[PDB]
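Working notes, structure below.
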Amino acid sequence: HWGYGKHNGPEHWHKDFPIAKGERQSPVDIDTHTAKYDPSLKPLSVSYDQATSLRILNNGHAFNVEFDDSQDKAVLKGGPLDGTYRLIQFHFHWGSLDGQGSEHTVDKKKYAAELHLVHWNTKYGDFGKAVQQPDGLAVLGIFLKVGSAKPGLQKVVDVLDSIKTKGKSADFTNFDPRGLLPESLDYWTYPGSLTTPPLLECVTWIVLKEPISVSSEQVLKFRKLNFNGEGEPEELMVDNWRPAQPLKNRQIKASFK
Ligand SMILES: NS(=O)(=O)c1ccco1
Ligand SMILES: NS(=O)(=O)c1ccco1
Ligand SMILES: [Zn+2]
C-alpha cells in the first residue's frame with residue numbers, strides 16, 4: 001500500500017516503516033563544497049564483463065532489470081567497499097518533467113532521473129540477509145540529464161511498451177549495463193538506506209559525479225509506464241522519487257580532489 005501518490009507517498013511511509021525518520025536515511029543532498037576529498041578512498045572497480053541480465057519487471061514502483069546473481073559475474077569492489085558485491089538489479093527513478101526525478105541532489109539541483117545499480121555483499125550469502133546488515137548493499141547511483149540520446153539505454157526503452165503495467169515482465173537477456181555508465185568514475189560516498197520501503201539502513205551509497213545524457217524521447221518513454229495493474233485506472237509511473245532526507249550525523253566523502 002505505499003507508493004508515490006498524495007495519499008500514500010513519502011510523507012506517509014513512516015507510519016508503516018518507522019525507520020523512515022532514522023539516522024541514516026537516503027537519499028540526501030550532496031553539498032559539493034562540504035564533501036571532503038578522502039585521498040584514502042580507492043578507484044571503484046566495476047566489473048561487469050560477465051554480467052548475465054535475465055528479465056525486466058514492472059513492480060508497480062519502477063522497472064527492474066534483473067541479473068543472475070547466483071555467482072560472482074557482475075561485481076562492484078573497491079572504492080569505500082570491503083569485499084565483493086554482486087549486481088542483483090538496476091532500476092531508475094524519474095519525474096513528470098525534466099526538472100525533477102532524481103533522488104540525490106547536488107547543491108539542491110535535481111536531475112531528470114537517477115539510475116541505481118543495486119549490489120549485495122557476498123559475505124552475507126543472499127540479498128535478504130544482506131539487507132539486515134549496515135554494510136549489506138552497495139548502490140551505484142548515476143544521474144540522468146536530458147540532452148543527447150544514450151545509445152546503451154535504447155534497448156531498455158524499447159521493451160517498456162511490453163511491461164506497461166504492474167506485474168508484467170519480459171525476457172531481457174544479453175543486456176550490457178556497461179553502456180549505462182559515464183566516462184568518469186569519480187564519486188561521492190556516504191552510509192545510507194534503501195530509498196523505498198522498508199527503507200532499511202544497509203546501503204553504502206556510491207553516487208557518480210558525472211551524469212549520463214539521455215534524450216527527451218528516451219525519458220518520455222519511461223513516463224508512459226503505469227503504476228497500476230492491467231485494465232485498472234491509468235496512473236502514469238512518474239515522480240517515483242523520494243525527496244532528500246536529513247543528513248544528520250554523516251559525512252559525504254569525495255573520491256576526487
Ligand atoms: N505508510 S504507507 O505509505 O504504507 C500508507 C498506507 C496508507 C497510507 O499510507
Ligand atoms: N532505491 S534503492 O536502490 O535504494 C533500493 C534497492 C532496493 C530497495 O531500494
Ligand atoms: Zn532506487
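Both ligands and their constituent atoms are indexed starting at 1 by order of listing. In what follows, residues are counted from 1 in the order of the sequence shown. Any value given below was found using the heavy atoms of this structure, including those in side chains, with hydrogens, waters and symmetry copies removed.
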Please tell me if the side chains of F67 and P177 come closer than 4.5 Å, counting only heavy atoms from C-beta onward.
yes
Tell me, please, which residues at least two apart from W241 pass ring pair (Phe, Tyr, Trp, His ring centres under 6.0 Å).
none
Can you check whether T84's main-chain N or O pairs, donor with acceptor, with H119's side chain at less than 3.5 Å?
no
Considering only heavy atoms of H7, which atoms of ligand 1 have at least one such atom less than 4.0 Å away?
8 (C), 9 (O)
For ligand 1, which atoms have a heavy atom of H12 less than 4.0 angstrom away?
1 (N), 2 (S), 3 (O), 9 (O)
Please check if the side chain of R223 supplies one atom and the backbone of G95 the other of a donor-acceptor pair under 3.5 Å.
yes
Can an N or O of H14 be found at a distance shorter than 3.5 Å from an N or O of ligand 1?
no
Between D69 and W120: side-chain donor-acceptor atoms closer than 3.5 Å
yes
Check whether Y111 forms a cation-pi arrangement with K109 (NZ or CZ under 6.0 Å from the six-membered ring centre, at most 45° off the ring normal).
yes
Quiz question: by atom type and distance under 3.5 Å, do the side chains of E23 and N249 form a donor-acceptor pair?
no
Would you give the length of the straight line joining atom CG of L185 to atom CD of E210, rounded to the nearest 0.5 angstrom?
9.0 Å
Taking NZ, NE, NH1 and NH2 as the nitrogens, is one of them in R55 or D171 under 4.0 Å from a carboxylate oxygen of the other?
no
Atoms of ligand 1 less than 4.0 Å from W2 heavy atoms?
3 (O), 4 (O)
Which protein atoms of type N, O or S are found under 2.8 Å from the Zn ion (ligand 3)?
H91 NE2, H93 NE2, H116 ND1
Tell me, which residues have any heavy atom less than 4.0 Å from some atom of ligand 2?
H91, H93, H116, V118, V139, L194, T195, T196, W205
Donor + acceptor pair across side chains of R86, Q71 (<3.5 Å)
no
Check whether any N or O atom of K15, backbone or side chain, sits under 3.5 Å from an N or O atom of ligand 1, and answer yes or no.
no
Please, which pairs that meet ring pair (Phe, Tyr, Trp, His ring centres under 6.0 Å) have at least one residue in residues 145-176, sequence neighbours excluded?
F90-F175, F172-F175
When you check the gap from the basic side-chain N to the acidic O, do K166 and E235 get nearer than 4.0 Å?
no
